Amino acid sequence: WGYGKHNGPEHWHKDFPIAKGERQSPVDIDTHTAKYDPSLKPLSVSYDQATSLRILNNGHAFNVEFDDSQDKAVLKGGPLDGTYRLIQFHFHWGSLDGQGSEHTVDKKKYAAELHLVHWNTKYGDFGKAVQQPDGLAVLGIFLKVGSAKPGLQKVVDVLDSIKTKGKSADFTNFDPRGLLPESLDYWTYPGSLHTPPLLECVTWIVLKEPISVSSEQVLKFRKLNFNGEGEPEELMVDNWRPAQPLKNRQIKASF
Ligand SMILES: [Zn+2]
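The rules behind the values
Residues numbered from 1 in each chain as written, not as in the entry; some residues may be left out. Heavy atoms only, no water. UniProt positions renumbered as here; feature names shortened; annotations may be inferred. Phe/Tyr/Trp six-rings, centres within 6.5 Å; stacked < 30°, edge-to-face > 60°. Helix = DSSP H or I, 4+ residues; strand = E, 2+ residues; numbered from the N terminus. Buried < 20%, exposed > 50% of the residue type's maximum accessible area, 1.4 Å probe, protein only. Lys NZ or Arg CZ within 6 Å of the ring centre and 35° of its normal. Core = buried A, V, L, I, M, F, W, Y, C linked by side-chain atoms within 4.5 Å. Contact = heavy atoms within 4.5 Å. Salt bridge = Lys/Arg side-chain N within 4 Å of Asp/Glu carboxyl O. Donors = N, O, S within 2.8 Å, 3.2 Å for Na, K, Ca; no water. Pairing = 2+ DSSP bridges.

Per the PDB entry, the chain goes by CARBONIC ANHYDRASE II and derives from Homo sapiens. Here the chain is described in UniProt, under the heading Subunit (literature references left out), as follows: "Interacts with SLC4A4. Interaction with SLC4A7 regulates SLC4A7 transporter activity. Interacts with SLC26A6 isoform 4 (via C-terminus cytoplasmic domain)." According to its UniProt record, the chain has this under Sequence similarities: "Belongs to the alpha-carbonic anhydrase family."

Laid out in C-alpha cells, this is it:
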C-alpha cells in the first residue's frame, strides 16, 4: 500500500475492506452544517513533561515518537472521557502548496496537516486501544504557507538524516508545545485511522486555527523518499487520503 497510481487510496479496500466502513476519515468539514455544542468542554493539553525519543521514516511519513510509559504528555477534556497519552506525531503534505491536508474546511485544502496521536490509558497499550471505538484521540492541525514556524525548525534540520525508508535518528528534548496554534477552538467527530489498517477507533479533534510555516520549511518535507536507501527515488509527496463520506455522522464545534 502507498499513495501511487497502482497502490493508492483507491486500492486500499482490497486488503483493508474497512476502507469503505461507516466511520472512515478524513472528511470535509462544512462549517455551516457543523453543530455548535454548548456541552463541549475546553481541550486540556498537558505536554510540559513530554519526552521525545526519536524520529523515523516508515516509508509513508516521518514519525516523532515519545515515551508513553507514563502520563507525561497527555490530552484530556473536550469530548474525551479519561486520559489519552501522546505516542507520536506526523504530517501529511503535498507536492504543491494547494494540496496536502487530509481534512478540508468548506472544501479548502491546506498545505499540510499535523496529527498528534494519543491513546486511551484505560486499555493499557496502543495495541489494545486500536480495537476500541474510543481507543484513540488524534489532534489535527492545519499548516498554511506564510511565516516560518520557529518551533518546527528542529524537525526540518533533522530530515536529511532520515531521507530514506527505515532510517531513524535519536530525537530527545523536542517540545510539541511549539507546534500549537494560539486558539484551541475545535471541531470533533468519530472517525478512523487514515492509513491502513484504517481502524475505526478515533475521536478526531481538528483545530480551527491553522499554523503558518514558510515555503523553505515545507520544501524540506518534499525531499523525503518513499523508497528505501539504494532504490530508485520516489519523492515523499502527496501522502494524504481523499475526503470520505460523512454518512449520518455529525460534526460538532466547540465554538
Ligand atoms: Zn495522519
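(A) Representation of the packing of aromatic side chains. This structure, assessed with the given rule, holds 15 aromatic pairs. Geometrically, the ring pair formed by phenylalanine 89 and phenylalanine 174 is tilted, given 5.6 Å between the ring centres and 50 degrees between the ring planes. With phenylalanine 89 in strand β7 (residues 84–93) and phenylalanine 174 in the loop between β11 (168–170) and β12 (186–191), the pair connects residues that are 85 residues apart, well separated along the chain. Take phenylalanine 89 and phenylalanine 174: they sit in the same class, and that class is buried. Among the aromatic side chains, those forming a connected cluster through ring pairs are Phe62, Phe66, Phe89, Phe91, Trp93, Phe171, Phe174 and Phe221. Here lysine 154 stacks its cationic end above the ring of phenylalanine 171, 5.4 Å away from the centre of that ring. For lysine 208, the ring lying beneath its charged end belongs to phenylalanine 255, and the centroid distance is 3.8 Å.

(B) Spatial organisation of the nonpolar core. Of all hydrophobic cores here, the largest spans 48 residues; its most connected members are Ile55, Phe62, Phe89, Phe91 and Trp93. Of the residues forming this core, the biggest block, 5 residues, is contributed by β7. The contact partners of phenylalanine 91, leaving out residues within four places of it in the chain, are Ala61, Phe62, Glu113, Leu114, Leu143, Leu152, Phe221 and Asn239. Within the second largest apolar cluster, 23 residues are counted, among which are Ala34, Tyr110, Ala129 and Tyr189.

(C) Just the pattern of salt bridges, in detail. Evaluated as defined, the whole model comprises 10 salt bridges. We note a salt bridge from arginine 177 to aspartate 175, for which the minimum N-O separation is 2.5 Å. With relative accessibility at 32%, the residue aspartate 175 sits in the partly exposed group.

(D) Molecular detail of the coordination of the zinc ion. Coordination sphere of the zinc ion, protein contribution only: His90 (NE2), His92 (NE2) and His115 (ND1), at 2.1 to 2.4 Å. For the zinc ion, the donor residues sit on a single chain with the sequence spacing H-x1-H-x22-H. Taken together, the positions of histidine 92 in strand β7 and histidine 115 in strand β9 (residues 112–120) put the pair 23 residues apart, joining distant regions of the chain.

(E) Quick look at the pairing of β9. Burial within β9 is extensive, with 9 of its 9 residues counted as buried. Here β7 runs beside β9; their pairing, made up of 9 bridges, is antiparallel. Bridge pairing links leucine 86 to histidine 118 in β9. Bridging between β9 and strand β10 (residues 136–145) involves 8 bridges; their strand directions are antiparallel. Of the residues in β10, the one forming a bridge with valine 117 is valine 138.

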